[PDB]
Structures are given as C-alpha cells and as structure tokens.
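Step one of this worksheet: look at the structure below.
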Amino acid sequence: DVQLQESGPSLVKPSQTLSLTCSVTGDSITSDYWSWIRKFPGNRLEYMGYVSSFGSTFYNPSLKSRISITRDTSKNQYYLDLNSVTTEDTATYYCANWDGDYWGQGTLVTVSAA
Amino acid sequence: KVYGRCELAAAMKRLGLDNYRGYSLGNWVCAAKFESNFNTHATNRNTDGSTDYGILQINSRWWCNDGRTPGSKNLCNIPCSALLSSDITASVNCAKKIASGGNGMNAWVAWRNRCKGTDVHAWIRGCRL
Amino acid sequence: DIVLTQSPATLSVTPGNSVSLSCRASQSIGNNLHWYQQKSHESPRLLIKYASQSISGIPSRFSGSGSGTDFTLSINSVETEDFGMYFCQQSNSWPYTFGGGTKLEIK
C-alpha cells in the first residue's frame with residue numbers, strides 16, 4: 001500500500017531553518033499531489049502547503065514567506081524547509097497526500113533555544 | 001447521458017463547483033460545453049496514445065488509468081471508465097484536483113480558448129440556482 | 001480565509017449511543033468539506049470526502065451531511081474505538097483550513 005514517513009531533526013533553534021523530509025512508499029511522488037500539515041498543542045491543525053504533479057507549489061499565506069517545498073523524484077522524497085523559526089513553530093509535523101487518504105505518522109519538532 | 005445546460009449547472013452546483021477555488025459556476029458549464037457538448041460518453045483519442053474522457057474530456061496520460069496509455073500518471077487515482085458515468089461525481093472530483101494544479105482551469109484548452117476572459121455568468125443565466 | 005468552527009468542543013456519549021458533530025464555515029464552501037478522526041498516537045484518517053462521500057474501508061456508522069456553510073458528521077451507535085478527536089477541513093478556498101476539533105469522550 002501507500003506509506004509516508006517524515007524524518008529530520010527534533011530540535012530547532014530560533015532563526016534557524018527547520019527541515020523535514022517525507023519519504024514515499026507504494027507510488028511515484030510524480031503520480032500525486034503532496035502536502036505538509038502541522039499540529040500545535042491546542043489541537044490546532046494548520047495546512048502549510050502542497051506541491052502538485054510537476055512541482056507547482058501552494059503556500060499558506062500564514063507562513064511569513066519562510067516556506068519552501070521541494071522534492072527529489074529519483075528518491076521518492078519531498079521536503080519542507082521553514083526559514084526563521086520561533087518557539088511558535090513548535091508543532092507535530094505530518095506529510096500526507098493531497099486527497100488525505102494517507103498521512104505520515106507525524107514528527108514532533110520543538111523550537112525554543114534549544 | 002447528454003445533459004441540458006441548467007441541468008448540468010444544477011448538478012455542478014450541488015457538487016461544489018460554484019466558486020471552487022474562485023471559479024464561478026459558469027466556468028465549468030462553459031468548459032464542458034466546449035470540451036464535450038455536455039455528453040458523458042465523449043471520448044477522443046490522441047496521437048500520444050492517450051484518450052480524453054467524459055463531460056470534461058479528462059486525459060488519460062495524467063489523470064486517469066485506462067489500461068492502454070503509455071506512462072499513465074493516474075493523478076485522480078481512478079479508472080477512465082468512471083468518468084463516463086451519467087452521474088458526474090467522479091468527473092467533478094477529478095476536475096477539482098485538476099483545477100487545484102498550478103495551471104488552475106487553464107488545464108482545459110477549451111476553457112482557456114473560449115471561456116477564460118468572457119462573461120462566464122452567461123452560461124448559467126436562465127437557470128435557477 | 002475561510003474559518004471553520006466546530007461544536008461542541010467536547011462531546012460525551014455512552015457506547016452504543018448515536019452522535020452528530022457540527023462543522024460550520026464562515027462563508028459557503030459548497031460540498032468541499034472533509035472529515036478526519038484522530039486517536040492518541042495516530043495520525044488523521046479520512047472518514048468522509050466532500051461533505052457526504054464515503055471512503056473505502058470506513059465503517060458505515062460514519063456518515064456526513066450538509067452543504068453551503070452548515071455540515072454534520074454522524075456516527076451511528078459509537079464504539080469504544082470511536083472515541084478520539086474529529087476534525088473538519090475545507091478545500092474550496094486556498095489556504096485550506098481545519099476546524100478546531102471536537103473531542104468524543106465517554107459519559
């Protein structure tokens with residue numbers, strides 16, 4: 001079946017970039033639209049953005065311009081890069097497919113000094 | 001099934017296309033008119049081995065699996081035959097995924113040629129919606 | 001941006017009983033409302049697509065309804081494994097937005 005999985009560091013410091021990868025199993029990433037979603041402590045989900053079939057990107061205006069979502073098709077990976085992070089950026093990060101059928105398990109990444 | 005104008009309009013309205021991602025309902029009624037003349041059995045084969053299917057003529061290279069198209073992406077994750085329904089749900093659901101692509105509705109040749117930049121409300125006037 | 005608001009915040013029900021959760025949108029979203037359930041140490045699972053469309057493998061006690069701005073998720077006789085967080089999300093408007101969730105606990 002389809003299976004997604006996030007990886008990257010779990011500690012981030014303010015003004016540093018938090019970087020995550022999403023490794024895709026069971027299909028080509030070039031065969032779907034792929035998204036980044038985060039959950040803050042107040043059970044608050046935020047849609048960060050998605051990337052379509054040919055790399056076209058959609059970013060949430062709430063992201064202070066600090067986001068990029070790239071991919072490596074050969075590696076069946078796609079990535080989240082979030083510039084200039086703060087404690088406010090403390091969240092549980094998930095990748096998922098655009099239709100919402102499949103989500104990573106999620107990965108807690110804390111910001112705080114450290 | 002060959003739909004009437006307002007009949008198609010009503011179906012698209014119930015199924016969420018009016019102002020989906022900012023496109024007014026007239027946009028889709030307009031695209032279908034010129035894509036397929038409102039016929040759900042519309043098919044069109046292309047030099048590249050692909051085939052357009054259904055009321056919005058969705059292409060089997062990228063959007064659906066028809067079993068015979070080289071390098072099928074199948075982005076809507078569906079059999080192309082499902083787009084041939086008298087019931088337009090699968091077509092609509094896929095068209096929303098296509099419209100959510102980088103190109104928006106410009107994905108449809110016909111829509112960028114004859115619907116974009118015109119009074120698309122024309123396509124639903126006469127219809128009570 | 002569209003804002004989704006769900007009520008109640010926490011819902012308590014006794015097993016076997018029937019429930020109805022609400023998601024409402026600030027302005028109309030057509031039928032482009034999706035529903036997610038999320039348990040402890042698990043990621044969201046799509047329960048219902050486009051207001052009322054059923055998802056492969058989801059148990060039939062999950063039903064969704066409504067249109068426009070007013071939406072409902074119904075569970076018929078909820079079960080012990082049904083307790084958890086439920087979220088609604090819209091796709092008619094970019095950026096996509098989520099409700100603040102409802103918590104389905106025991107009485």
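In the structure tokens, chains take letters A, B, ... by order of appearance, with residues numbered from 1 within each chain and ligands from 1 in the order shown.
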All residues 6 Å or closer to residue 25 (chain A), only C-alpha atoms, same chain fewer than 2 positions away omitted, as an MDAnalysis selection string: chainID A and resid 2:3 27
May I have a table of the residues of chain B lying at most 10 Å from chain A, giving each one's closest pair of atoms and their distance in Å to one decimal, counting only C-alpha atoms, ordered by chain and ascending residue number, as JSON lines?
```
{"residue": "B:62", "atom": "CA", "partner": "A:31", "partner_atom": "CA", "distance": 8.1}
{"residue": "B:63", "atom": "CA", "partner": "A:31", "partner_atom": "CA", "distance": 9.1}
{"residue": "B:72", "atom": "CA", "partner": "A:31", "partner_atom": "CA", "distance": 8.6}
{"residue": "B:73", "atom": "CA", "partner": "A:31", "partner_atom": "CA", "distance": 5.0}
{"residue": "B:74", "atom": "CA", "partner": "A:31", "partner_atom": "CA", "distance": 6.6}
{"residue": "B:75", "atom": "CA", "partner": "A:32", "partner_atom": "CA", "distance": 5.4}
{"residue": "B:76", "atom": "CA", "partner": "A:32", "partner_atom": "CA", "distance": 8.0}
{"residue": "B:77", "atom": "CA", "partner": "A:32", "partner_atom": "CA", "distance": 8.5}
{"residue": "B:97", "atom": "CA", "partner": "A:99", "partner_atom": "CA", "distance": 8.7}
{"residue": "B:98", "atom": "CA", "partner": "A:52", "partner_atom": "CA", "distance": 9.5}
{"residue": "B:100", "atom": "CA", "partner": "A:52", "partner_atom": "CA", "distance": 8.1}
{"residue": "B:101", "atom": "CA", "partner": "A:52", "partner_atom": "CA", "distance": 5.9}
{"residue": "B:102", "atom": "CA", "partner": "A:56", "partner_atom": "CA", "distance": 5.2}
{"residue": "B:103", "atom": "CA", "partner": "A:56", "partner_atom": "CA", "distance": 8.6}
```
For chain A, list the residues within 12 Å of chain C, counting only C-alpha atoms, and write the list as number ranges by chain. A: 4-5, 35-50, 58-63, 92-108
Find the spatial neighbours of residue 109 (chain A), counting only C-alpha atoms, within a cut-off of 8 Å - ignore same-chain residues fewer than 5 positions away - and output them as an mmCIF file with N, CA and C atoms, in the first residue's frame.
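Once written, selection36.cif looks like this:
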```
data_model
loop_
_atom_site.group_PDB
_atom_site.id
_atom_site.type_symbol
_atom_site.label_atom_id
_atom_site.label_comp_id
_atom_site.auth_asym_id
_atom_site.auth_seq_id
_atom_site.Cartn_x
_atom_site.Cartn_y
_atom_site.Cartn_z
ATOM 1 N N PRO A 9 15.575 16.552 12.063
ATOM 2 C CA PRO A 9 15.823 16.916 13.468
ATOM 3 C C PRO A 9 14.569 17.247 14.269
ATOM 4 N N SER A 10 14.679 17.151 15.591
ATOM 5 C CA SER A 10 13.555 17.281 16.506
ATOM 6 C C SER A 10 13.725 18.501 17.406
ATOM 7 N N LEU A 11 14.937 19.022 17.353
ATOM 8 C CA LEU A 11 15.293 20.289 17.964
ATOM 9 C C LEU A 11 15.685 21.246 16.843
ATOM 10 N N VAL A 12 15.198 22.464 16.994
ATOM 11 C CA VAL A 12 15.429 23.607 16.141
ATOM 12 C C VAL A 12 15.631 24.838 17.017
ATOM 13 N N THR A 90 6.901 25.385 17.156
ATOM 14 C CA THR A 90 6.757 24.132 17.874
ATOM 15 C C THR A 90 5.503 23.375 17.453
ATOM 16 N N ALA A 91 5.651 22.238 16.774
ATOM 17 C CA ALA A 91 4.440 21.533 16.356
ATOM 18 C C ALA A 91 4.717 20.073 16.020
ATOM 19 N N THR A 92 3.665 19.289 15.803
ATOM 20 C CA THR A 92 3.829 17.933 15.278
ATOM 21 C C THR A 92 3.649 17.972 13.758
ATOM 22 N N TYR A 93 4.671 17.628 12.988
ATOM 23 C CA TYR A 93 4.666 17.810 11.535
ATOM 24 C C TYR A 93 4.308 16.520 10.816
#
```
For chain B, work out the contacting residues on chain C at 9 Å, counting only C-alpha atoms, and write them as an NGL selection string. :C and (29-32 or 50 or 67-68 or 91-94)
Can you list, as a PyMOL selection string, all residues belonging to region 9-67 of chain B that DSSP tags as helix (DSSP H, G or I)? chain B and resi 9-14+25-36
Considering only C-alpha atoms, return as a ChimeraX atom specification whatever protein or nucleic-acid residues lie within 9 Å of residue 128 (chain B), sequence-local ones (same chain, fewer than 3 positions apart) excluded. /B:6,10,124-125
Can those selected residues be exported to a file as a short mmCIF file (atom, residue, chain, number, x, y, z; two decimals), in the first residue's frame so that it contains N, CA and C atoms?
```
data_model
loop_
_atom_site.label_atom_id
_atom_site.label_comp_id
_atom_site.auth_asym_id
_atom_site.auth_seq_id
_atom_site.Cartn_x
_atom_site.Cartn_y
_atom_site.Cartn_z
N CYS B 6 -28.81 24.02 -17.84
CA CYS B 6 -29.20 24.24 -16.45
C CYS B 6 -29.15 22.94 -15.65
N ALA B 10 -27.06 22.54 -12.45
CA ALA B 10 -27.59 22.19 -11.13
C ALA B 10 -26.73 21.09 -10.54
N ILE B 124 -24.79 30.22 -17.09
CA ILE B 124 -25.81 29.81 -16.15
C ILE B 124 -26.97 30.80 -16.18
N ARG B 125 -27.08 31.74 -17.13
CA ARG B 125 -28.27 32.60 -16.93
C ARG B 125 -29.46 31.90 -17.54
#
```
For the atom pair CA of residue 68 (chain A) and CA of residue 18 (chain A), what is the interatomic distance in Å to one decimal place? 11.0 Å
Among listed residues B:31, B:11, B:78, B:95, nearest residue 58 (chain B) (using only C-alpha atoms):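 Residue with the minimum atom-to-atom distance to residue 58 (chain B): B:95.
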